[PDB]
Every structure is written in C-alpha cells, then in structure tokens.
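Just below is one structure, and these are the notes that go with it.
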Amino acid sequence: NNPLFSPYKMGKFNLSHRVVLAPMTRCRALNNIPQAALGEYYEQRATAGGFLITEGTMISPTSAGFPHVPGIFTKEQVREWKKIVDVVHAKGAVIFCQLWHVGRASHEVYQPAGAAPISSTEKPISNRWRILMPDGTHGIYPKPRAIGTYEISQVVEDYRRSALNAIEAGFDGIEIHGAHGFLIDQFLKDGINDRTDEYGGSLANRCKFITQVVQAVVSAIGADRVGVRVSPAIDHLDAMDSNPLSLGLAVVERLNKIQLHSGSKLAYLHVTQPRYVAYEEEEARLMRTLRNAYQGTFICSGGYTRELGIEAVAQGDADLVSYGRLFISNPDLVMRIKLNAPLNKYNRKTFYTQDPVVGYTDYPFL
Ligand SMILES: Cc1cc2nc3c(=O)[nH]c(=O)nc-3n(C[C@H](O)[C@H](O)[C@H](O)COP(=O)(O)O)c2cc1C
Ligand SMILES: CCOC(=O)/C(=N\O)C(C)=O
C-alpha cells in the first residue's frame with residue numbers, strides 16, 4: 001500500500017492523503033486582485049481531503065516584489081478570494097493562504113511612490129541576483145530601508161490583520177512565509193541581519209521577529225490554523241547563515257514554546273529541502289534533525305518525486321509532502337501519484353506570465 005494515501009489528522013483537518021499543493025507565485029492575480037483564473041487553477045488541483053497552500057499573498061501595499069501577485073489586505077481582495085475558496089471547498093479540499101512579505105527582495109516599480117523596500121538591514125541583495133520586472137526584463141535589487149521597532153510592530157500587525165482577513169474570506173488557515181530570503185528570513189539569517197538593537201546580534205534576537213509574527217497570528221486565529229514555513233539552509237537571494245542547523249533548531253524551540261504557552265499545536269512546520277533552487281547526506285540529516293526536534297506535523301518540500309515522497313512518509317521523515325513544479329503541469333497530480341501514471345512536463349517560460357489560460361489552466365488531465 002502507498003503511504004502517501006494513508007489518512008492524516010492535521011489538527012482538526014482530516015486529510016485523506018499526504019500530497020500537498022506547495023505555495024507557488026504564478027502572477028495571474030492582475031493588479032493584486034484574485035481573478036477568476038485562480039479559481040479555475042485551484043479547482044483543477046483540489047481533491048477531496050487534499051490540502052492546498054496558495055501562492056504567496058501580500059499583507060500590505062509594501063509587501064510585493066513580483067507582478068500581479070494577490071493581496072489579502074483590502075476588502076476587495078477578501079471578496080474575490082471568497083469566490084476562490086468556495087470552489088475549492090466544494091471539491092472537499094482544505095486550503096491555507098500563504099502570507100508573504102518580500103522585504104528587500106523588491107524594486108521601486110513594486111513599491112508605493114517608488115519608495116525603497118524595507119528590511120532588517122540597509123544591505124541589498126547582491127548583483128548576482130536580478131529581479132523579474134513587470135515587462136519581463138530583469139532589474140537591479142535596490143538598497144532597502146532598515147526599519148525601527150515601531151515599524152516592526154506595524155508589520156506584525158499587518159500579518160495579524162491579514163490572517164483575520166483570510167479567515168473572513170473562508171480560508172481554513174494561513175501559512176507564514178518565513179523562508180527563502182524574504183522579510184522574515186532577512187531577520188533570521190546572520191548573513192543579512194547586522195542589527196545592534198533587540199532584533200539583531202544574538203541568535204535569540206534574530207528569532208524575535210518570527211516569534212512575534214507567529215504569536216500574533218496564533219492569538220488572532222488559533223494555533224491549529226497557522227502553519228509556518230522556513231528554510232534555514234537555502235541558496236536564494238543572499239540569505240545565508242553561519243550555522244543553519246542551530247538557526248533551524250532555535251526556530252523550532254520557539255515554535256514548541258508557543259504551542260506549550262497557547263495550549264495547542266500549530267497546523268504544521270513546512271521546511272524547504274536545501275537542494276531546492278529557483279534558477280546530500282548533510283541535507284537529509286538537517287531535515288530529519290529539525291523534524292525530530294519539532295513537536296508537531298512536518299511538511300517537506302523541494303525536489304520531491306513520487307518515489308522520494310513515498311520514501312519520506314514511509315521512513316518517518318515527514319508527515320506530508322508538498323509538490324510544486326509537477327503540480328503546475330499535472331492538475332491531477334494526486335491521482336497520477338496514486339495510479340503511478342506518467343507525468344506531464346512543465347514549461348518554466350510560463351511560470352510567471354499573466355495569461356489566465358496559457359501555461360496555467362491548459363495543462364491536460366489524464
Ligand atoms: C513557480 C514557483 C513559484 C513559487 N512560489 C513560492 C511562493 O510564493 N511561496 C513559497 O513559499 N514557495 C514558492 N515556491 C517554492 C514551492 O513552494 C516549492 O517548495 C517547490 O516548488 C517544491 O519543489 P518542486 O518544484 O521540486 O516540487 C515556488 C516555486 C515555483 C516553481
Ligand atoms: C528559491 C526559493 O524561492 C521560491 O521558491 C519563491 N518564493 O518563496 C519564488 C517566488 O520563486
């Protein structure tokens with residue numbers, strides 16, 4: 001029997017199988033408003049008892065660094081998300097909204113009034129990386145503005161309000177994007193965070209921001225509706241730490257403590273496999289070390305296949321396995337994995353284009 005199709009209780013959510021739609025930015029949410037195309041896309045991939053995580057979603061007007069990504073900070077956005085959540089729920093799926101602030105991984109073109117993006121630091125991403133522009137060219141990451149503690153508290157409140165908005169739209173929960181060199185990771189990683197106040201220096205201080213964000217959303221909507229994504233070891237946007245495993249374990253310790261204090265477990269911890277990039281024994285052991293340390297559900301992501309996902313669940317390395325690129329090109333990926341049916345190729349050229357159909361909803365079913 002296939003271990004990916006054993007049921008799993010993710011808190012109060014009864015999942016029928018362990019194949020998860022990973023969060024993926026696709027840039028079809030024109031003008032940051034969820035569009036009907038998103039409803040068709042998520043409906044195609046929804047299954048009864050299956051778990052879906054949305055594309056990263058803006059928590060505020062300054063949180064974007066990609067074109068046409070959805071927000072959930074306005075009532076117009078909430079109204080349009082509600083239509084998408086309804087069609088997914090009609091298929092029996094569980095769906096979480098990923099809350100995403102890019103921090104310094106932005107550009108004047110994505111910021112109100114062309115202002116500088118915000119970060120923990122004034123250090124820019126280096127010129128080894130270039131940002132996708134709305135016209136399909138690539139631009140230069142600018143120097144960010146380093147925020148003070150008042151502004152940090154405002155950003156935490158943006159997460160809190162967005163979590164409440166997600167519940168209003170009908171989402172089952174939210175995921176905190178704390179990975180991949182974006183705003184939260186710019187506080188976590190000692191290769192970025194050069195602060196001398198209470199949010200920088202020590203490992204404890206670098207973990208303060210993610211702790212406050214998670215506590216804020218747990219207080220607002222309940223721990224069992226909150227997932228947290230991190231990537232202590234990742235090659236993306238100059239987000240390195242001198243001791244990735246200790247960083248990961250410090251975050252896990254904080255999450256365990258939040259659960260004890262709240263008297264409830266989070267929905268899950270979601271960790272990117274260090275092998276995953278946008279453009280091996282030590283890697284696997286880092287994943288298992290974090291899993292063994294965390295008191296709760298563990299989702300693994302990054303480079304998984306049918307065989308590797310089966311291995312992960314069978315060996316106890318993870319409870320759930322999220323798939324990205326193969327879910328782009330296989331709307332019925334869950335069914336194909338169950339049947340061991342051949343998978344369709346994906347076309348990177350249309351990952352981030354705006355067409356509501358081409359490269360988005362026109363990948364065929366079996
Ligand atoms: C087009 C694309 C967009 C992505 N956008 C996000 C995102 O918005 N938030 C996030 O946490 N991860 C994002 N990722 C990472 C995926 O969630 C996932 O971890 C990765 O695709 C899994 O590896 P796989 O593609 O080999 O399955 C993205 C990946 C792709 C390919
Ligand atoms: C390389 C890791 O970064 C990602 O996967 C991502 N978002 O988190 C995007 C928008 O591609």
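Going through the structure tokens in order, the chains are called A, B, and so on, while each chain numbers its residues from 1 and the ligands are numbered from 1 in the order shown.
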
Exercise for review: Assign secondary structure with DSSP using the backbone only, and return the residues of region 203-340 of chain A in strand (DSSP E) as a ChimeraX atom specification.
Suggested key: /A:226-230,268-272,298-301,320-323

Generate the output file for the selected residues, C-alpha atoms, as a PDB file, in the first residue's frame.
```pdb
ATOM      1  CA  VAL A 226      -1.366  28.501  11.446  1.00  0.00           C
ATOM      2  CA  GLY A 227       1.426  26.845   9.510  1.00  0.00           C
ATOM      3  CA  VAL A 228       4.996  28.161   9.417  1.00  0.00           C
ATOM      4  CA  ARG A 229       7.454  27.807   6.519  1.00  0.00           C
ATOM      5  CA  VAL A 230      11.223  28.202   6.998  1.00  0.00           C
ATOM      6  CA  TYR A 268       2.424  22.360  10.791  1.00  0.00           C
ATOM      7  CA  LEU A 269       6.058  23.212  10.196  1.00  0.00           C
ATOM      8  CA  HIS A 270       6.959  23.340   6.472  1.00  0.00           C
ATOM      9  CA  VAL A 271      10.671  23.158   5.595  1.00  0.00           C
ATOM     10  CA  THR A 272      12.383  23.569   2.206  1.00  0.00           C
ATOM     11  CA  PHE A 298       6.167  18.254   9.425  1.00  0.00           C
ATOM     12  CA  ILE A 299       5.763  19.065   5.710  1.00  0.00           C
ATOM     13  CA  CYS A 300       8.784  18.613   3.456  1.00  0.00           C
ATOM     14  CA  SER A 301       9.182  20.385   0.114  1.00  0.00           C
ATOM     15  CA  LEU A 320       3.078  15.447   4.419  1.00  0.00           C
ATOM     16  CA  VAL A 321       4.918  16.134   1.164  1.00  0.00           C
ATOM     17  CA  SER A 322       4.333  19.275  -0.895  1.00  0.00           C
ATOM     18  CA  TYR A 323       4.902  19.399  -4.651  1.00  0.00           C
TER      19      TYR A 323
END
```

**Study point:** Within 9 Å of ligand 2 (only C-alpha atoms and all ligand atoms), residues as a PyMOL selection string
**Key:** chain A and resi 23-26+55-56+65-66+100+102+177-182+231+234-237+272+276-279+302+324

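Using only C-alpha atoms and all ligand atoms for every distance, the candidate list A:223, A:40, A:69, A:95 yields A:69 as the residue closest to ligand 1.
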
Practice item. Quick one: everything within 10 Å of residue 109 (chain A), counting only C-alpha atoms, minus sequence neighbours fewer than 5 positions away in the same chain. Send it as number ranges by chain. Key: A: 64-67, 114-116, 133-134, 139

Practice item. Can you check which residues of region 7-205 of chain A DSSP gives as helix (DSSP H, G or I) on the backbone and send them as an MDAnalysis selection string? Key: chainID A and resid 30:32 36:45 75:90 108:110 112:114 149:168 183:188 203:205

Write out, as a PDB file, in the first residue's frame, the residues just selected, with C-alpha atoms.
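Printed below is selection.pdb as written:
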```pdb
ATOM      1  CA  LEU A  30      -3.906  41.132 -12.007  1.00  0.00           C
ATOM      2  CA  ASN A  31      -3.483  44.378 -10.046  1.00  0.00           C
ATOM      3  CA  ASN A  32      -3.097  42.272  -6.868  1.00  0.00           C
ATOM      4  CA  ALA A  36     -11.434  34.000 -11.797  1.00  0.00           C
ATOM      5  CA  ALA A  37      -8.421  32.278 -13.383  1.00  0.00           C
ATOM      6  CA  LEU A  38      -7.116  31.483  -9.888  1.00  0.00           C
ATOM      7  CA  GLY A  39     -10.399  29.766  -9.071  1.00  0.00           C
ATOM      8  CA  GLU A  40     -10.130  27.544 -12.131  1.00  0.00           C
ATOM      9  CA  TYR A  41      -6.479  26.761 -11.326  1.00  0.00           C
ATOM     10  CA  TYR A  42      -7.035  25.787  -7.691  1.00  0.00           C
ATOM     11  CA  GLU A  43     -10.259  23.940  -8.545  1.00  0.00           C
ATOM     12  CA  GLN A  44      -8.368  21.791 -11.074  1.00  0.00           C
ATOM     13  CA  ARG A  45      -5.863  20.721  -8.407  1.00  0.00           C
ATOM     14  CA  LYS A  75     -11.941  44.148   1.364  1.00  0.00           C
ATOM     15  CA  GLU A  76     -11.997  43.900  -2.446  1.00  0.00           C
ATOM     16  CA  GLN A  77      -9.293  41.244  -2.242  1.00  0.00           C
ATOM     17  CA  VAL A  78     -11.202  39.406   0.507  1.00  0.00           C
ATOM     18  CA  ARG A  79     -14.383  39.368  -1.595  1.00  0.00           C
ATOM     19  CA  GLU A  80     -12.577  37.885  -4.587  1.00  0.00           C
ATOM     20  CA  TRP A  81     -10.687  35.295  -2.525  1.00  0.00           C
ATOM     21  CA  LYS A  82     -14.017  34.165  -1.072  1.00  0.00           C
ATOM     22  CA  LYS A  83     -15.177  33.050  -4.519  1.00  0.00           C
ATOM     23  CA  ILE A  84     -11.989  31.013  -4.983  1.00  0.00           C
ATOM     24  CA  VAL A  85     -12.184  29.406  -1.533  1.00  0.00           C
ATOM     25  CA  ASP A  86     -15.794  28.422  -2.206  1.00  0.00           C
ATOM     26  CA  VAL A  87     -14.990  26.481  -5.383  1.00  0.00           C
ATOM     27  CA  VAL A  88     -12.096  24.681  -3.663  1.00  0.00           C
ATOM     28  CA  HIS A  89     -14.231  23.802  -0.636  1.00  0.00           C
ATOM     29  CA  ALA A  90     -16.939  22.495  -2.962  1.00  0.00           C
ATOM     30  CA  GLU A 108      10.995  50.708  -6.869  1.00  0.00           C
ATOM     31  CA  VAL A 109       8.498  49.568  -9.527  1.00  0.00           C
ATOM     32  CA  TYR A 110       6.720  47.365  -6.959  1.00  0.00           C
ATOM     33  CA  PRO A 112       4.123  52.768  -3.454  1.00  0.00           C
ATOM     34  CA  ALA A 113       5.502  56.081  -4.732  1.00  0.00           C
ATOM     35  CA  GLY A 114       8.634  54.243  -5.882  1.00  0.00           C
ATOM     36  CA  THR A 149      10.890  48.770  16.230  1.00  0.00           C
ATOM     37  CA  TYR A 150       7.754  50.879  15.792  1.00  0.00           C
ATOM     38  CA  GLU A 151       7.623  49.897  12.126  1.00  0.00           C
ATOM     39  CA  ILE A 152       8.363  46.270  13.055  1.00  0.00           C
ATOM     40  CA  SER A 153       5.290  46.294  15.294  1.00  0.00           C
ATOM     41  CA  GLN A 154       3.271  47.716  12.390  1.00  0.00           C
ATOM     42  CA  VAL A 155       4.398  44.872  10.119  1.00  0.00           C
ATOM     43  CA  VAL A 156       3.437  42.314  12.779  1.00  0.00           C
ATOM     44  CA  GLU A 157       0.010  43.965  12.856  1.00  0.00           C
ATOM     45  CA  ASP A 158      -0.177  43.653   9.049  1.00  0.00           C
ATOM     46  CA  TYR A 159       0.316  39.895   9.424  1.00  0.00           C
ATOM     47  CA  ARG A 160      -2.330  39.780  12.150  1.00  0.00           C
ATOM     48  CA  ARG A 161      -4.922  41.696  10.127  1.00  0.00           C
ATOM     49  CA  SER A 162      -4.205  39.649   7.009  1.00  0.00           C
ATOM     50  CA  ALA A 163      -4.718  36.425   8.980  1.00  0.00           C
ATOM     51  CA  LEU A 164      -8.100  37.714  10.161  1.00  0.00           C
ATOM     52  CA  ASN A 165      -8.942  38.702   6.570  1.00  0.00           C
ATOM     53  CA  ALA A 166      -8.032  35.204   5.389  1.00  0.00           C
ATOM     54  CA  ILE A 167     -10.466  33.677   7.879  1.00  0.00           C
ATOM     55  CA  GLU A 168     -13.109  36.177   6.719  1.00  0.00           C
ATOM     56  CA  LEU A 183      11.428  39.638   5.054  1.00  0.00           C
ATOM     57  CA  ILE A 184      11.295  37.172   7.957  1.00  0.00           C
ATOM     58  CA  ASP A 185      14.426  35.396   6.694  1.00  0.00           C
ATOM     59  CA  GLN A 186      16.172  38.783   6.456  1.00  0.00           C
ATOM     60  CA  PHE A 187      15.797  38.946  10.246  1.00  0.00           C
ATOM     61  CA  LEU A 188      16.692  35.280  10.856  1.00  0.00           C
ATOM     62  CA  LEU A 203      20.565  34.015  17.646  1.00  0.00           C
ATOM     63  CA  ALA A 204      17.841  34.705  20.220  1.00  0.00           C
ATOM     64  CA  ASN A 205      17.463  38.288  18.996  1.00  0.00           C
TER      65      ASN A 205
END
```

**Study point:** CA of residue 28 (chain A) to CA of residue 309 (chain A), distance in Å rounded to a single decimal
**Key:** 28.7 Å

Exercise for review: Check the smallest atom-to-atom distance from each of A:103, A:263, A:70, A:117 to ligand 1 using only C-alpha atoms and all ligand atoms, then report the winner.
Suggested key: A:70

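Distances from A:358, A:195, A:259, A:333 to ligand 1 were compared using only C-alpha atoms and all ligand atoms, and the smallest one belongs to A:333.
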
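Pairwise distance (CA of residue 147 (chain A), CA of residue 120 (chain A)) equals 6.1 Å.
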
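Distance annotation: of A:307, A:175, A:135, A:198, the residue with the minimal separation from ligand 1 is A:175; atom set is only C-alpha atoms and all ligand atoms.
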
Exercise for review: With a distance cut-off of 10 Å and only C-alpha atoms, select the neighbouring residues of residue 194 (chain A), excluding the residue or stretch itself and same-chain residues fewer than 3 positions from it, and output the selection as JSON, numbers by chain.
Suggested key: {"A": [120, 121, 122, 123, 186, 187, 189, 190, 191, 197, 199, 200, 201, 206]}

Exercise for review: Return the single residue from A:171, A:96, A:8, A:304 that is closest to residue 326 (chain A), with distances computed using only C-alpha atoms.
Suggested key: A:304

Review point. What does the distance between CA of residue 266 (chain A) and CA of residue 224 (chain A) come to in Å, to one decimal place?
Key: 4.7 Å
